[PDB]
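Only one chain is given next, in structure tokens, and it is the form deposited in one PDB entry.
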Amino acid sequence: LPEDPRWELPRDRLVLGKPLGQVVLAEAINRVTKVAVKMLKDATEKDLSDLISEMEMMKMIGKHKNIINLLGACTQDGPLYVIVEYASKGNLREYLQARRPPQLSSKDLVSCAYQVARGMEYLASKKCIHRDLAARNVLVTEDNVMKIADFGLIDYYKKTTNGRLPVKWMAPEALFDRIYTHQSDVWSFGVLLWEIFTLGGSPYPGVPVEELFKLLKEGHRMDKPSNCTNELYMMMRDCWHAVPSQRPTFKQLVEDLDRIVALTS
């Protein structure tokens, strides 16, 4: 694999450590920085294709506070190691669930939403469409900064590691017509807001795929969470507009969340 001196880190500068979920925690060196490293598990060439793709797409997208940023790579004379920012508190779902009462203020929760919307606006400005935006693909740093993940990356019945179905984040036009746009991502954003305000709640509990389809076709919409203002619930519903052109954009969402954060206790 060809050397990219913008990014290449010598192998002897990386101290591999504990597994994270093939993603390990590591130390890049006179000061050490904790980072996350991805590597290939016996794997296909495709798997190597996919890995390199993820890395190159990160090269192009650029730096933002609210996304997992590439930090380097080990490409010469060994397996490929992609090195990125480490977020010590795991995904947004786990972070949220672990701070359920028997803590996060109202303002904290709104602040999370604002940050994810910021990350998404940037990715959008860079022409990137996520296709699986969800609390589980948002990671949280030690400083509680939201960072979007898996933006550089179907069986509708495959469940996640935690027993939930991804189709439940998917806008209708993407689900039935496989048409994906920034506006389908905005739909998924609306679902992710629901997760924030139900402190890591699971959407449509007990609803399998086929019944899911029935609900969407009938125009069903999730109930308002208990820890939710009408304004924030309207924001969700606007995200779930039947007609994609009539959904807000992440630009709009960022501006509205900025104002709300400010006025939230």
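Heads up, when I say rigid core I mean the largest set of C-alphas that superpose within 1.5 Å between the two forms. The first residue of the sequence shown is number 1, and the count goes up from there.
> Might you work out how many residues are unmodelled in the deposited sequence between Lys46 and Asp47, and answer none, 1 to 3, 4 to 9, or 10 or more?
In the record, the chain runs straight from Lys46 to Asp47 with none unmodelled.
> Check the entry and tell me how many residues of the deposited sequence have no coordinates between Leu153 and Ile154: none, 1 to 3, 4 to 9, or 10 or more.
Gap between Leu153 and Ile154: 4 to 9 unmodelled residues.
> Which has the higher mean CA temperature factor in the PDB entry, 107-115 or 77-85?
Comparing 77-85 with 107-115, the higher mean C-alpha B-factor belongs to 77-85.
> Please compare 154-162 with 141-149 and name the stretch with the higher mean C-alpha B-factor in the deposited structure.
For C-alpha atoms only, the mean B-factor is higher in 154-162.
> By the CA temperature factor listed in this entry, which of these ranks top: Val209, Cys239, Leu40, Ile196?
Highest C-alpha B-factor among the listed options: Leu40.
> Please place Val35 in the lowest, middle or highest third of its chain by C-alpha B factor as given in the entry.
Tercile = middle for this residue's CA B-factor.
> Give the position of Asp177 by CA B-factor within its chain, expressed as the lowest, middle or highest third.
Highest third, going by the recorded CA B-factors of the chain.
> Divide the modelled residues of the chain into thirds by Cα B-factor and specify which third, lowest, middle or highest, holds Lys168.
Lowest third - that is where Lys168 ends up once the chain's C-alpha B-factors are sorted.
> Where does the C-alpha B-factor of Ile29 rank in its chain, lowest, middle or highest third?
Highest third, going by the recorded CA B-factors of the chain.
> Is the Cα B-factor recorded for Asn66 in the lowest, middle or highest third of its chain?
Lowest third, going by the recorded CA B-factors of the chain.
Unshown form deposited in another entry; subsequent notes refer to it.
> With the two forms aligned on the rigid core, which of the residues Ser202, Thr229, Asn69, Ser49 moves its CA by 2 Å or more between the shown form and the other one?
Going through each option, the one that shifts is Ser49.
> Once the two forms are fit on the core, has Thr160 moved its CA by at least 2 Å between the shown form and the other one?
The answer is yes, as the C-alpha of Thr160 shifts between the shown form and the other one by 2 Å or more after core alignment.
> For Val82, is the C-alpha shift between the shown form and the other one 2 Å or more after core superposition?
Yes; that C-alpha moves by at least 2 Å between the shown form and the other one.
> For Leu9, does the CA position differ by 2 Å or more between the shown form and the other one when the superposition is done on the rigid core?
Where the cores coincide, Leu9 still shows a C-alpha shift between the shown form and the other one that is 2 Å or more.
> Would you mind telling me if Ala174 and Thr161 are closer or farther apart in the other form than in the shown form, C-alpha to C-alpha, with a 3 Å or larger change?
Nearer in the other form, by 3 Å or more.
> Once you compare with this form, do the C-alpha atoms of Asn162 and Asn91 lie closer or farther in the other form, given a change of 3 Å or more?
Between the C-alphas of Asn91 and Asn162, the gap widens in the other form (3 Å or more compared with this form).
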